[PDB]
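*Asks:* Here's a structure for you.
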């Protein structure tokens, strides 16, 4: 407490020093200062020390534009909502000069807009949904999840592999040190450069293989843990003492199957060593260690024994020739899934989720101002809501008509069976409540003139009589929506 009053006063004194490799600690450590409050009112000044510290950096800030994206999925309080969505629009600046992670940006877009069905509160989620059109327009907590390795037994085909890879290991323990060539003695006198461990491989015993054997078996058993395995293909490949005719595993190029598994093997090693660090010094009276931060931020220099050691276990597999196997693109490839995913979210506009009608539809307007396959299904997307909430065309979704064609204004002005009958089906659902309500006819006028900016035969004399029905029904302001579509 009495030294925990340091944080209270320094919410301004560590701010005024506001006015690219070793600065990664503040994107890791100081990101967790406000995360302790994610001092009460004074924590809002920590946003000014962070939401402005990201934009004018962008080397490690390129790895911090989606920093809390490993915890923005675990947002929901109010500071967990503003730790991402307020820095969402500023996350296009890092990939502005740089425009492996373009599919990870949709993880907090296809779920947080679905978590927008769980909640004023959407004052920060609305413009950040258009920042997802900017994070894909400029380029184009986090708990470790441990898995236990030794549950399975060593397969017999990879026992000719644990004796060849360990035989190469004592070469690789010397190929990094062959310019000096260190040898065994009896006493560890490192002033005269002798090691007590430099013994050859062909004179090994039943309890000294385990220095070589155990890094391989924690690197082989964890391949079978994700529904993946190893298949078969064709075959392939001074001084004196233990002098080998060896080859290096820092110049052999890899396969494309192995990339998503070996970078997951470091993610596997981000869930073993990030748990093996919790079993060494914390039970003796230790303190708080910062390695529980989000995933794309923290230092990787300890992981050089985990990112460069999780590839040569399977670079050596390509020596043996074994078939390692895995069995704005995503904003466009899932866009027909999105127009079918928002229309499936159009049925719940009648029965929190009524804000989901406005959090999903009105945010794709700039996405339609930046881009009939998905647009012809989006013309009838609100025709599921104006049929499901057809009695009221249900709290906010009964009066979401003024924002309904507002996303179809930018979609209609930005462009023969996918538009023939259904162009005047949802449009008449706006002009059908024109003189019941005037928030539907004010958007139907921009729906009837949504073709004069892009250039309804059947709906020409149904609205022309409706112009002759609402000529004085003010519904004369609703007459300009039914008189602009009668020829």
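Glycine also receives a Cβ, built like all others from the backbone with ideal geometry; neighbour counts cover every protein chain displayed. Each value in this text was obtained by applying a stated rule to the coordinates, not by laboratory testing.
*Asks:* Extending each Cα 7 Å along its Cβ direction at residue 218 and residue 156, get the distance between those two points in nm, one decimal.
*Replies:* Computed distance between label sites residue 218 and residue 156 equals 2.9 nm.
*Asks:* For every helix of n ≥ 4 consecutive DSSP H residues, a contribution of -39,500 (n - 2.57) applies; sum these over the chain, divide by its total residues, and give [θ] at 222 nm rounded to the nearest 500 deg cm²/dmol. Before the final figure, lay out the partial values.
*Replies:* Values: 22 runs with 155 residues, N = 487.
That comes out to -8000 deg cm²/dmol.
*Asks:* Can you give me the convex hull volume of the Cα atoms of the stretch 204-319, divided per residue and expressed in Å³? Mind showing how you got there, number by number?
*Replies:* Values: hull volume 23.8 nm³, N = 116.
So the per-residue hull volume is 205 Å³.
*Asks:* Normalised radius of gyration for the chain, please: alpha carbon Rg relative to 2.2 N^0.38 Å, two decimal places.
*Replies:* Numbers: Rg = 31.0 Å, N = 487, 2.2 N^0.38 = 23.1 Å.
So the Cα radius of gyration is 1.34 times the expected 2.2 N^0.38 Å.
*Asks:* If R₀ is 22 angstrom, what is the calculated FRET efficiency for the pair residue 243 and residue 323, using the beta carbon separation as r and rounding to 0.05?
*Replies:* Details: r = 34 Å, r/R0 = 1.53.
After rounding, the FRET efficiency stands at 0.05.
*Asks:* Follow-up question, since we're still on this one. Could you pull the Rg and Dmax for the stretch 309-466, using just the Cα atoms, both in Å?
*Replies:* Reported Rg and Dmax, both Å: 21.5, 79.
*Asks:* For the stretch 135-291, count all C-alpha to C-alpha pairs, find those more than 21 Å apart, and express that count as a whole percent of the total.
*Replies:* Details: 7896 of 12246 pairs.
Roughly 64 percent, once rounded to a whole number.
*Asks:* To the nearest 0.05, how large is the calculated FRET efficiency for residue 42 and residue 309 if R₀ is 45 Å and r is the Cβ-Cβ distance?
*Replies:* On the way: r = 44 Å, r/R0 = 0.99.
So the FRET efficiency works out to roughly 0.50.
*Asks:* At a 10 angstrom cut-off on C-beta neighbours, averaged per residue, how do the peptides 440-450, 474-484 rank from highest to lowest?
*Replies:* Details: 440-450: 23.7, 474-484: 18.9.
Listed from highest to lowest mean packing, they are 440-450, 474-484.
*Asks:* Could you put 240, 342 in order, starting from the residue whose Cβ has the fewest other Cβ atoms within 10 Å? Kindly include the intermediate steps, with their values, before the conclusion.
*Replies:* On the way: 240 6, 342 21.
Fewest-to-most Cβ neighbours within 10 Å comes out as 240, 342.
*Asks:* Order by neighbour count: 95, 12, fewest other Cβ atoms within 10 Å first, most last. It would help to have the intermediate numbers written out before the result.
*Replies:* Values: 95 22, 12 13.
By the 10 Å Cβ count, ascending: 12, 95.
*Asks:* Please state the equivalent ellipsoid semi-axes for the stretch 397-465: what are the square roots of 5 times the Cα gyration tensor eigenvalues, largest first, in whole Å? Before the final figure, lay out the partial values.
*Replies:* On the way: eigenvalues 68, 48, 21 Å².
With the √(5λ) rule applied to the stretch 397-465, the semi-axes are 18, 15, 10 Å.
*Asks:* To continue, here is another question. Taking the Cα centroid of the stretch 355-419 and of the stretch 147-169, what is the distance between the two, rounded to the nearest whole Å?
*Replies:* Each part reduced to its Cα centre gives a spacing of 56 Å.
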